[PDB]
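This document opens with one chain alone, in structure tokens, the form deposited in one PDB entry.
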């Protein structure tokens, strides 16, 4: 089985649960799963405990990741009910701003309850820096409206339904600056699989779609800018427990599933590289990684087991699905980081890419005229 060399892939939506939920995952275990999945750079989400919604929590998370991460990273800041206008000094050091717009009681929304709060953030957050929004169903149209009123771009996370992707398609057709990502469980899992998973294992936000939803995503792959795992590791105790948190662990399964689709002719290799490397780079202004690449074997057929080796979630919703292709070797900045069942760079090898000279988002100087 001869190998294919790819650049280092980028997963822009990962929940790594450190600080505060390290029994579900930490930086060291999460970045190990990332490397086993062909991913050499990740963007970790801010719904940590304490949440990353202030400069002190960001400084803490940044150094915990510098000491724990095995691959390179950037950290998101979280929009709060209170921090609009307070993040200007540290904004450039984050991956971007995350707005959580789920319509339910949860401390992932960090108090964001009102469209007026969204506007305050779109107006105070530096215009040259990225904003991503968790928005489901009609909320996507709402956030797009806020972006146009403030005349700036927005990135829509885990698009999962026909109505969402057709609305994004209409916005793009009118020249609006919007991009979006789709997660693997929304392209390969459906309502058909909720019987097997159950309401406990199968809870995820955005929830699994119907066959028509999944069908519309594949039909409109041209509208999708990025693939991202939405890696949301919860232990199986918590997924089956009383109040089950939403989220699937998918860092280790993302590439095997997509390479299977490439082997079946459902999308090209180029299409995959646009969505796991080039577009993540340009949307979040992520720098290249020197001497970094991934070798994959496209011929090895296998079945997804009950749990993948490296995530502490210790379960996967893709169990039993047959996949073609495997990650064989990852080289990260000159060093062998992974080979065929074992990660070989220690915790702390990863670096914060926003501290690289090439990793800052370019901006006009302060003394530039108003225009």
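Residue numbers count along the first chain shown, from 1.
Visitor: Is the mean CA B factor in the deposited entry higher across 242-250 or across 131-139?
Guide: Per the deposited B-factors, the answer is 242-250.
Visitor: Do the C-alpha atoms of 20-28 or of 6-14 have the higher average B factor in the entry?
Guide: Averaging CA B-factors over each stretch, the winner is 20-28.
Visitor: Which is it among 102, 95, 187, 156: the one with the largest CA B-factor in the entry?
Guide: Spelled out: the listed residue with the top C-alpha B-factor is 102.
Visitor: Which has the highest CA B-factor per the PDB entry: 196, 121, 285, 172?
Guide: Highest C-alpha B-factor among the listed residues goes to 196.
Visitor: Which third, lowest, middle or highest, does the CA B-factor of residue 278 fall in along this chain?
Guide: Bottom third by C-alpha B-factor.
Visitor: Splitting the chain's C-alpha B-factors into thirds, which one does residue 256 fall into?
Guide: Answer is middle: the recorded C-alpha B-factor places it there.
Visitor: Quick check on the deposited entry: does the C-alpha B-factor of residue 343 sit in the lowest, middle or highest third of its chain?
Guide: Ranked within chain, residue 343 CA B lands in the middle tercile.
Visitor: Among the modelled residues of this chain, does the Cα B factor of residue 313 put it in the lowest, middle or highest third?
Guide: Its C-alpha B-factor, which the entry lists for residue 313, ranks in the highest third among residues of this chain.
Visitor: Among all modelled residues of this chain, ranked by Cα B factor, put residue 109 in the bottom, middle or top third, i.e. lowest, middle or highest.
Guide: Tercile = highest for this residue's CA B-factor.
Beyond what is shown, the protein has a form solved in complex with a small molecule; the following relates to that form.
Visitor: Name the stretch: of 171-179, 117-125, 294-302, 244-252, exactly one has residues whose heavy atoms fall within 4.5 Å of the small molecule in the bound PDB entry.
Guide: Of the options given, it is 244-252.
Visitor: In the bound PDB entry, do 47, 204 and 234 all put a heavy atom within 4.5 Å of the small molecule?
Guide: Yes.
Visitor: Should residue 230 be classed as touching the small molecule in the bound PDB entry when contacts are defined as heavy atoms within 4.5 Å?
Guide: It does: once the small molecule is placed as it appears in the bound PDB entry, residue 230 has a heavy atom within 4.5 Å of it.
Visitor: Is residue 134 one of the residues lying within 4.5 Å of the small molecule in the bound PDB entry, judged by heavy atom distances?
Guide: Although the small molecule is absent here, residue 134 would touch it in the bound PDB entry, with heavy atoms inside 4.5 Å.
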